[PDB]
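Undergrad: Enclosed is the structure file entry_17.csv (CSV, C-alpha atoms and all ligand atoms).
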```csv
chain,number,residue,atom,x,y,z
F,1,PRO,CA,-23.4,-3.1,12.7
F,2,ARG,CA,-19.7,-4.0,13.4
F,3,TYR,CA,-20.0,-7.7,12.4
F,4,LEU,CA,-17.6,-8.9,9.7
F,5,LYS,CA,-19.6,-10.1,6.7
F,6,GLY,CA,-20.0,-13.9,6.2
F,7,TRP,CA,-17.6,-13.8,3.2
F,8,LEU,CA,-14.9,-11.9,5.1
F,9,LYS,CA,-15.0,-14.2,8.1
F,10,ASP,CA,-14.6,-17.1,5.6
F,11,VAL,CA,-11.7,-15.3,3.9
F,12,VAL,CA,-9.9,-14.9,7.2
F,13,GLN,CA,-10.1,-18.6,7.7
F,14,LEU,CA,-8.7,-19.2,4.1
F,15,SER,CA,-6.0,-16.6,4.7
F,16,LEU,CA,-4.8,-18.2,8.0
F,17,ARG,CA,-4.3,-21.5,6.1
F,18,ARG,CA,-3.0,-20.0,2.9
F,19,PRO,CA,0.1,-22.0,1.7
F,20,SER,CA,3.2,-20.0,1.2
F,21,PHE,CA,4.5,-19.6,-2.4
F,22,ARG,CA,8.0,-20.5,-3.3
F,23,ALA,CA,9.5,-17.9,-5.8
F,24,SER,CA,12.1,-15.3,-6.8
F,25,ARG,CA,11.1,-11.8,-7.8
F,26,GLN,CA,12.4,-10.5,-11.2
F,27,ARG,CA,13.0,-6.8,-10.4
F,28,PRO,CA,13.5,-4.5,-7.3
F,29,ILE,CA,10.7,-2.8,-5.5
F,30,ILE,CA,9.2,0.2,-7.2
F,31,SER,CA,7.5,2.5,-4.5
F,32,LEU,CA,3.8,3.0,-5.1
F,33,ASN,CA,3.4,5.8,-2.5
F,34,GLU,CA,6.4,7.7,-4.0
F,35,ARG,CA,5.0,7.4,-7.5
F,36,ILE,CA,1.7,8.8,-6.3
F,37,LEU,CA,3.7,11.8,-4.9
F,38,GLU,CA,5.4,12.2,-8.3
F,39,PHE,CA,2.0,12.1,-10.1
F,40,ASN,CA,0.7,14.7,-7.7
F,41,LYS,CA,3.7,17.0,-8.5
F,42,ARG,CA,3.0,16.6,-12.2
F,43,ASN,CA,-0.7,17.3,-11.7
F,44,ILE,CA,-1.8,14.0,-13.2
F,45,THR,CA,-4.6,12.1,-11.7
F,46,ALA,CA,-3.2,9.0,-9.9
F,47,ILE,CA,-5.5,5.9,-10.3
F,48,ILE,CA,-4.6,2.5,-8.8
F,49,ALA,CA,-6.3,0.2,-11.2
F,50,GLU,CA,-7.6,-3.0,-9.7
F,51,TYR,CA,-7.6,-6.4,-11.4
F,52,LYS,CA,-10.3,-8.8,-10.2
F,53,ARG,CA,-12.4,-11.2,-12.1
F,54,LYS,CA,-15.1,-11.6,-9.4
F,55,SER,CA,-16.3,-10.0,-6.3
F,56,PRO,CA,-18.7,-10.7,-3.4
F,57,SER,CA,-20.9,-7.9,-4.9
F,58,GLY,CA,-21.4,-9.8,-8.1
F,59,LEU,CA,-18.7,-8.6,-10.5
F,60,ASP,CA,-18.1,-11.3,-13.1
F,61,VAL,CA,-15.5,-10.4,-15.9
F,62,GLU,CA,-13.3,-12.7,-17.8
F,63,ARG,CA,-10.4,-10.5,-19.0
F,64,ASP,CA,-6.9,-11.5,-19.7
F,65,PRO,CA,-4.6,-10.3,-16.9
F,66,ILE,CA,-1.6,-9.5,-19.1
F,67,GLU,CA,-3.7,-7.6,-21.6
F,68,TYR,CA,-5.4,-5.6,-18.8
F,69,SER,CA,-2.1,-4.9,-17.2
F,70,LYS,CA,-0.4,-3.8,-20.4
F,71,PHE,CA,-3.2,-1.4,-21.1
F,72,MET,CA,-3.2,0.0,-17.6
F,73,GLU,CA,0.5,0.5,-17.5
F,74,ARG,CA,-0.2,3.3,-20.0
F,75,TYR,CA,-2.4,5.2,-17.6
F,76,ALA,CA,-2.5,4.0,-14.0
F,77,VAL,CA,-0.1,5.1,-11.2
F,78,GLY,CA,0.0,1.4,-10.1
F,79,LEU,CA,-2.0,-1.8,-10.2
F,80,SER,CA,-3.9,-3.6,-7.3
F,81,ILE,CA,-4.1,-7.4,-8.0
F,82,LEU,CA,-6.6,-9.3,-6.0
F,83,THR,CA,-5.0,-12.6,-4.8
F,84,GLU,CA,-8.0,-13.7,-2.6
F,85,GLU,CA,-9.1,-17.0,-4.3
F,86,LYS,CA,-12.7,-17.9,-3.3
F,87,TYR,CA,-14.6,-14.7,-3.7
F,88,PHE,CA,-12.4,-12.6,-6.0
F,89,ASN,CA,-11.1,-15.5,-8.2
F,90,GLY,CA,-7.5,-14.1,-7.7
F,91,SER,CA,-4.4,-16.1,-7.5
F,92,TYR,CA,-0.7,-15.9,-6.7
F,93,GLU,CA,0.1,-17.2,-10.2
F,94,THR,CA,-1.7,-14.4,-11.7
F,95,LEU,CA,0.1,-11.9,-9.6
F,96,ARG,CA,3.5,-13.5,-10.5
F,97,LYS,CA,2.6,-13.3,-14.3
F,98,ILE,CA,1.6,-9.7,-14.1
F,99,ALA,CA,4.6,-8.7,-11.9
F,100,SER,CA,7.0,-10.4,-14.4
F,101,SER,CA,5.6,-8.1,-17.2
F,102,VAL,CA,4.9,-4.6,-15.9
F,103,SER,CA,7.2,-2.1,-14.4
F,104,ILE,CA,4.8,0.2,-12.6
F,105,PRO,CA,4.2,-0.5,-8.9
F,106,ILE,CA,1.9,-3.4,-7.9
F,107,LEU,CA,-0.1,-3.7,-4.7
F,108,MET,CA,-1.0,-7.2,-3.6
F,109,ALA,CA,-4.7,-6.9,-2.5
F,110,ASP,CA,-5.7,-9.7,-0.2
F,111,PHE,CA,-6.7,-10.3,3.4
F,112,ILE,CA,-3.4,-10.5,5.3
F,113,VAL,CA,-3.4,-12.2,8.7
F,114,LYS,CA,0.2,-13.6,8.9
F,115,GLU,CA,3.7,-12.9,7.9
F,116,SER,CA,4.0,-15.5,5.2
F,117,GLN,CA,1.5,-13.7,3.1
F,118,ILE,CA,3.8,-10.6,3.0
F,119,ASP,CA,6.7,-13.0,2.1
F,120,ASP,CA,4.5,-14.4,-0.7
F,121,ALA,CA,3.9,-10.8,-1.9
F,122,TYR,CA,7.6,-10.0,-2.0
F,123,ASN,CA,8.5,-13.4,-3.7
F,124,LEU,CA,5.8,-13.0,-6.3
F,125,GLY,CA,7.0,-9.5,-7.4
F,126,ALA,CA,4.5,-7.1,-5.7
F,127,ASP,CA,5.8,-3.8,-4.5
F,128,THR,CA,3.6,-3.4,-1.5
F,129,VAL,CA,0.6,-5.0,0.2
F,130,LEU,CA,-2.8,-4.0,1.7
F,131,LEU,CA,-3.3,-4.4,5.4
F,132,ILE,CA,-6.8,-4.1,6.7
F,133,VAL,CA,-7.3,-2.6,10.2
F,134,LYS,CA,-10.6,-4.2,11.0
F,135,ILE,CA,-9.4,-7.8,10.7
F,136,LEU,CA,-6.3,-7.4,12.9
F,137,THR,CA,-5.6,-6.5,16.4
F,138,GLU,CA,-3.6,-3.3,16.9
F,139,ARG,CA,-0.5,-5.2,18.0
F,140,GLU,CA,-0.8,-7.4,14.8
F,141,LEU,CA,-1.2,-4.4,12.7
F,142,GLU,CA,1.9,-2.7,14.1
F,143,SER,CA,3.9,-5.9,13.7
F,144,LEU,CA,2.8,-6.5,10.1
F,145,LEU,CA,3.5,-2.9,9.2
F,146,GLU,CA,7.0,-3.3,10.5
F,147,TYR,CA,7.3,-6.6,8.7
F,148,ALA,CA,6.3,-5.0,5.4
F,149,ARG,CA,8.7,-2.1,6.0
F,150,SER,CA,11.5,-4.6,6.6
F,151,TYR,CA,11.3,-5.5,2.8
F,152,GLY,CA,11.2,-1.8,1.8
F,153,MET,CA,7.4,-1.8,1.3
F,154,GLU,CA,5.2,0.9,2.7
F,155,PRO,CA,1.9,-1.0,3.0
F,156,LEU,CA,-1.5,0.5,2.2
F,157,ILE,CA,-3.4,0.5,5.5
F,158,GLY,CA,-7.1,0.2,4.8
F,159,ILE,CA,-9.6,2.0,7.2
F,160,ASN,CA,-13.4,2.1,7.0
F,161,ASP,CA,-14.2,4.5,9.9
F,162,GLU,CA,-12.8,6.8,12.5
F,163,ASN,CA,-11.8,4.1,14.9
F,164,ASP,CA,-9.8,2.3,12.3
F,165,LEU,CA,-8.2,5.6,11.4
F,166,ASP,CA,-7.4,6.3,15.0
F,167,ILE,CA,-5.4,3.0,15.1
F,168,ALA,CA,-3.7,3.6,11.7
F,169,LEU,CA,-2.5,7.1,12.9
F,170,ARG,CA,-1.4,5.7,16.3
F,171,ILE,CA,0.9,3.1,14.8
F,172,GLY,CA,2.4,5.7,12.3
F,173,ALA,CA,1.0,4.5,9.0
F,174,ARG,CA,2.3,6.6,6.1
F,175,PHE,CA,0.0,5.3,3.4
F,176,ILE,CA,-3.7,5.0,4.2
F,177,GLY,CA,-6.6,3.8,2.1
F,178,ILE,CA,-10.0,5.3,3.1
F,179,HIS,CA,-12.9,3.0,2.2
F,180,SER,CA,-16.7,3.4,2.8
F,181,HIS,CA,-20.2,1.5,-0.9
F,182,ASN,CA,-21.9,10.2,4.0
F,183,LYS,CA,-20.2,13.4,2.9
F,184,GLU,CA,-19.3,15.0,6.2
F,185,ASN,CA,-17.9,11.7,7.6
F,186,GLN,CA,-15.6,11.2,4.6
F,187,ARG,CA,-14.5,14.9,4.7
F,188,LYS,CA,-13.8,14.5,8.5
F,189,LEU,CA,-11.7,11.4,8.0
F,190,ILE,CA,-9.7,12.9,5.2
F,191,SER,CA,-9.1,16.0,7.3
F,192,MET,CA,-7.6,14.0,10.3
F,193,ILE,CA,-4.7,12.6,8.1
F,194,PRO,CA,-1.3,14.5,8.4
F,195,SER,CA,0.3,16.1,5.3
F,196,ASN,CA,3.1,13.5,5.3
F,197,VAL,CA,0.6,10.6,4.8
F,198,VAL,CA,-0.3,9.6,1.2
F,199,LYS,CA,-4.1,9.1,1.2
F,200,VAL,CA,-6.0,6.9,-1.2
F,201,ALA,CA,-9.8,7.0,-1.7
F,202,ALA,CA,-10.6,3.3,-2.1
F,203,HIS,CA,-13.7,2.3,-4.1
F,204,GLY,CA,-17.1,4.2,-4.0
F,205,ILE,CA,-15.9,6.2,-7.0
F,206,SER,CA,-17.8,6.1,-10.3
F,207,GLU,CA,-17.4,9.4,-12.1
F,208,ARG,CA,-14.7,11.9,-12.9
F,209,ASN,CA,-16.5,14.7,-10.9
F,210,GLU,CA,-16.0,12.8,-7.5
F,211,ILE,CA,-12.4,12.4,-8.3
F,212,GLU,CA,-12.1,16.2,-8.8
F,213,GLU,CA,-14.0,16.8,-5.5
F,214,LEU,CA,-11.8,14.4,-3.6
F,215,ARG,CA,-8.6,15.9,-5.0
F,216,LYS,CA,-9.6,19.3,-3.7
F,217,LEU,CA,-9.8,17.7,-0.3
F,218,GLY,CA,-6.2,16.6,-0.7
F,219,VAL,CA,-6.8,12.9,-1.6
F,220,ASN,CA,-3.6,11.8,-3.4
F,221,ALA,CA,-4.8,8.7,-5.4
F,222,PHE,CA,-7.9,6.6,-6.2
F,223,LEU,CA,-8.3,2.9,-6.1
F,224,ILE,CA,-10.9,1.8,-8.7
F,225,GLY,CA,-11.7,-1.7,-9.8
F,226,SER,CA,-15.0,-2.9,-11.0
F,227,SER,CA,-15.7,-0.2,-13.6
F,228,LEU,CA,-12.3,-0.6,-15.1
F,229,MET,CA,-12.7,-4.4,-15.3
F,230,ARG,CA,-15.9,-3.9,-17.3
F,231,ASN,CA,-14.4,-1.3,-19.5
F,232,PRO,CA,-10.7,-0.5,-19.2
F,233,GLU,CA,-11.1,2.5,-21.4
F,234,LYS,CA,-13.1,4.2,-18.6
F,235,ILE,CA,-9.7,5.2,-17.0
F,236,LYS,CA,-9.3,7.8,-19.8
F,237,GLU,CA,-12.5,9.5,-18.5
F,238,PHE,CA,-11.2,9.4,-15.0
F,239,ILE,CA,-7.8,11.1,-15.7
F,240,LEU,CA,-9.2,13.9,-17.7
D,1,ZN,ZN,-14.5,-2.0,-1.4
```
What does the file become when written as structure tokens?
TA:
Amino acid sequence: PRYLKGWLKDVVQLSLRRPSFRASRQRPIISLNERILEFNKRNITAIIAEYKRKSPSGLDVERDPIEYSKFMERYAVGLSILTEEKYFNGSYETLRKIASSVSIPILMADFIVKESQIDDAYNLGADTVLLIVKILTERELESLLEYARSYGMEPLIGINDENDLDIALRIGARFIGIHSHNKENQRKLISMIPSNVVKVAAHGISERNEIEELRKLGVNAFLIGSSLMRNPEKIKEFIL
């Protein structure tokens, strides 16, 4: 069962050829992992709200990106903007328009395989990027992690199982996203992460009660997309 899905293998081909985007960012980096730590200090639930108009699982929402982002700036600890084009209907231009208008931290969520895609994130105004362990070698992951740090971005390193976590911990990731969409496995992964690493439960969250349960295990933030795209007001239920 360790095959990459058809759509992800196709995305990696699109990412390798992704043209770089010529631009200047309009404000400095605002740290997403530090703001998560500030929310935790204040005891307020930290949700990274994702913007995506489509997904390989069949999400299909037309929602204006500025209006979603304005509303989410009221509630969310940060935004995650999908910039993968074929399956999520994201775009660099949509990231640039959102990052020119909100002043909470922005994660560029895409499938990064080369340095120019981190240069594109910085030039478009994102504050950090997603790196996914399973599509990279360990040497590439360590190099891309250092490349993101060289701009002042602590990247979100996305892991799906214990082997991926083993790699993320070996290379000294400080910001890890735990994705699954089994209870003892999830508890075990969480429990392997050191106190100094900000941990994000990515996807597989539908109700407030799972957020509460994850918080007791020390999860620091929650990356949630589809449900918020279909009703942005759902984030009020989640932060209660
Ligand atoms: Zn997912």
Undergrad: Please list as a CSV table (one decimal) with C-alpha atoms, keeping the file's coordinate frame every residue within 7 Å of stretch 70-77 of chain F, counting only C-alpha atoms and excluding residues in the same chain fewer than 5 positions away.
TA:
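Written file, around-v1.csv:
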```
chain,number,residue,atom,x,y,z
F,35,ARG,CA,5.0,7.4,-7.5
F,36,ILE,CA,1.7,8.8,-6.3
F,46,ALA,CA,-3.2,9.0,-9.9
F,47,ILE,CA,-5.5,5.9,-10.3
F,48,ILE,CA,-4.6,2.5,-8.8
F,49,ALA,CA,-6.3,0.2,-11.2
F,102,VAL,CA,4.9,-4.6,-15.9
F,104,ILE,CA,4.8,0.2,-12.6
```
Undergrad: Counting all atoms listed in the file, give me one row per residue of stretch 95-167 of chain F with an atom at most 12 Å from an atom of stretch 193-209 of chain F, showing the shortest contact pair and its distance in Å to one decimal, sorted by chain then residue number, as a tab-separated table.
TA:
```
residue	atom	partner	partner_atom	distance
F:109	CA	F:202	CA	11.8
F:130	CA	F:202	CA	11.3
F:154	CA	F:198	CA	10.4
F:155	CA	F:198	CA	11.0
F:156	CA	F:200	CA	8.5
F:157	CA	F:200	CA	9.6
F:158	CA	F:202	CA	8.3
F:159	CA	F:202	CA	9.4
F:160	CA	F:202	CA	9.6
F:162	CA	F:193	CA	10.9
F:165	CA	F:193	CA	8.5
F:166	CA	F:193	CA	9.7
F:167	CA	F:193	CA	11.9
```
Undergrad: Would you kindly return, as a PyMOL selection string, each protein, DNA or RNA residue with an atom no farther than 12 Å from any atom of residue F:164, considering only C-alpha atoms and excluding same-chain residues fewer than 2 positions away?
TA: chain F and resi 2+131-138+141+157-162+166-171+173+176-180+189
Undergrad: Could you check the closest approach to ligand ZN 1 (chain D) for each of F:59, F:153, F:235, F:224 and tell me which residue wins, using all atoms listed in the file?
TA: F:224
Undergrad: Pick out the closest residue to residue F:111 from this set: F:38, F:10, F:146, F:93. Count only C-alpha atoms.
TA: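 When distances to residue F:111 are compared using only C-alpha atoms, the smallest one comes from F:10.
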Undergrad: Using all atoms listed in the file, which protein or nucleic acid residues come within 9 Å of residue F:21? Drop anything in the same chain fewer than 3 positions from it, and give the result as a list in words.
TA: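 The residues satisfying every condition are residues 92, 116, 117, 119, 120, 121, 123 and 124 of chain F.
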Undergrad: Quick one, how far is atom CA of residue F:28 from atom CA of residue F:66?
TA: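 Value for the atom CA of residue F:28-atom CA of residue F:66 distance: 19.8 Å.
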Undergrad: Rank nothing, just name the residue among F:45, F:100, F:80, F:57 nearest to residue F:240, using only C-alpha atoms.
TA: F:45
